[PDB]
Amino acid sequence: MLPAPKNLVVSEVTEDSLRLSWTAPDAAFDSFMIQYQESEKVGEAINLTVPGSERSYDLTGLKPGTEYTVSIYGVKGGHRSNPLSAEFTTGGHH
């Protein structure tokens, strides 16, 4: 498949939000797909798209002390890359 984005990380962690960042070559993708869901849930995944020029995304509307499974894939004119996944946890108590 297409080469996946690399090194998904998190910063600016709050009780209800997270900044996601990743790496990818310039002009590789026209967009990225971002999927996230509480790690223990199924069938409740939320999907977002961002422009291919982006390397960070501010995720909001989250719950405190909650672990989220986040995956991103790169898309170039329709075809998607391998997924890149991580488990990030918000601050506070569950």
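Structural remarks
- P(r), alpha carbons of the chain - 5 Å bins starting at zero, rounded %: 3, 14, 26, 24, 17, 10, 5, 1, 0
- q = 0.29 Å⁻¹: log10 I(q)/I(0) that the Debye formula gives for the range 30-81, counting C-alpha atoms only: -1.16
- Rounded to 5, percent antiparallel among DSSP beta bridges of the chain: 95
- Cα centroid separation - the range 1-28 against the range 31-91, whole Å: 9
- Options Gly52, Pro3, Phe88, ranked by Cα towards positive dipole end of the chain, top entry (Cβ charges): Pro3
- Eligible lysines near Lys41 by straight Cα distance, threshold 22 Å, same-chain separation 8 or greater: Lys63
- Range in the chain, longest, excluding exposed trypsin sites (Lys or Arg not before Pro) [loop by DSSP; at most 14 other beta-carbon atoms within 10 Å]: 1-40
For neighbour counting, all protein chains shown are included, and Cβ atoms are generated from backbone atoms with ideal geometry for every residue, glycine included. No lab work stands behind these numbers, since they all come straight from the coordinates.
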